[PDB]
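Geometric and topological summary
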Amino acid sequence: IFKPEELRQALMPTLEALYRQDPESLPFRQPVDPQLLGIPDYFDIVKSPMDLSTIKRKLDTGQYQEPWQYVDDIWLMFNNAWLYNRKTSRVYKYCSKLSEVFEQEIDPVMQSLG
Ligand SMILES: COc1ccc(CCc2nc3cc(-c4c(C)noc4C)ccc3n2C[C@H](C)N2CCOCC2)cc1Cl
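As a numbering rule, every chain is indexed from 1 in the order its sequence is written, which need not reproduce the entry's residue numbers; residues that lack coordinates are not presented. Just so you know, side-chain values use all the structure's heavy atoms and leave hydrogens and water out.

Listed as the method for this PDB entry is X-ray crystallography; the listed resolution is 1.05 Å.

As annotated in the PDB entry, the protein carries the name Histone acetyltransferase p300 and comes from Homo sapiens. Each PDB entry has a title, and for this one the record gives "Crystal structure of EP300 bromodomain in complex with SGC-CBP30 chemical probe".

Comments concerning the packing of helix α4 (residues 52–60) against helix α5 (residues 67–84)
Stated formally: Between N-to-C directions, angles span 0 to 180 degrees; the directions come from axes that are lines fitted to C-alpha atoms, helices contributing only their stretch in contact. Here a helix means four or more residues in a row that DSSP labels H or I, a strand means two or more in a row labelled E, and each is numbered from the N terminus. Geometric relationships in this document are graded by angle, where less than 35 degrees denotes roughly parallel, more than 145 denotes roughly antiparallel, 65 to 115 denotes roughly perpendicular, and other angles denote oblique. Note on contacts: a residue pair is in contact if any heavy atoms of the two residues lie within 4.5 Å. Residue polarity follows a fixed list, in which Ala, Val, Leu, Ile, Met, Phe, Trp, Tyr, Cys and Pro are nonpolar, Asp, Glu, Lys and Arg are charged, and the others, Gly among them, are polar.
At a minimum axis distance of 10 Å, the contact between α4 and α5 shows a crossing angle of 170 degrees. Classed by the angle they form, the pair α4 and α5 counts as roughly antiparallel. Residues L52, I55, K58 and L59 of α4 lie in contact with α5, whose contacting residues are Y70, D73, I74 and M77. Residues of the contact of α4 with α5, tallied by class, amount to six nonpolar, no polar and two charged.

Concerning the packing of aromatic side chains
To keep it simple, the criterion reads: Between 30 and 60 degrees the pair is tilted, below 30 it is stacked and above 60 it is edge-to-face, where a pair is any two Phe, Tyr or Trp rings, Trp via its six-membered ring, whose centres lie within 6.5 Å. Burial here depends on accessible area, computed with a 1.4 Å probe over protein chains only, as a share of the maximum for the residue type. Under 20% is buried, over 50% is exposed, and the range in between is partly exposed.
All chains considered together, the criterion is met by nine aromatic pairs. Measuring from centroid to centroid gives 5.0 Å for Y42 and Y84, while their planes differ by 70 degrees, and the two rings are edge-to-face. Pair noted here: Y42 is in helix α3 (residues 42–45) and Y84 is in helix α5, with a separation of 42 residues, a long-range link. Between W82 and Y92, the ring centres sit 6.5 Å apart and the planes meet at 50 degrees, which makes this aromatic pair tilted. Taken together, the positions of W82 in helix α5 and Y92 in helix α6 (residues 90–113) put the pair ten residues apart, joining distant regions of the chain. As far as burial versus exposure is concerned, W82 and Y92 are alike and both buried. An aromatic cluster of three or more residues is present, and its members are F28, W75, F78, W82 and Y92.

Following this line, the structure appears as structure tokens:
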């Protein structure tokens with residue numbers, strides 16, 4: 001059993017560390033808006049959109065029951081970006097950089113919660 005405040009206290013620093021990567025987090029701070037970006041097939045390819053602001057809101061409002069659900073949303077966000085974009089693209093490279101920041105910080109936190 002994990003209380004929402006316990007999850008917020010433990011996990012919010014890991015999310016904030018991603019936000020503090022600038023410019024790498026900028027594309028991830030807002031939901032992808034295909035109409036703004038001229039990528040009309042986006043929602044045909046990415047079936048379950050996710051972004052940092054959604055994850056933040058879910059942590060803030062206690063929508064995770066256990067911490068691996070938070071990890072799942074983080075990884076879904078990255079998988080969506082790696083899927084839609086080419087390996088040579090800026091957003092793919094930024095995705096990878098954020099994913100490495102996450103990888104390095106997440107286990108000490110998960111180990112403490114478990
Ligand atoms: C700072 O990094 C960027 C800045 C601009 C671009 C080109 C445009 C773009 N290309 C974008 C690509 C994505 C994206 C993501 C993330 N996953 O699939 C797609 C597509 C999301 C947003 C994207 N955006 C929008 C950017 C970030 N603006 C948001 C509004 O404020 C100014 C900056 C790309 C990048 Cl990687």
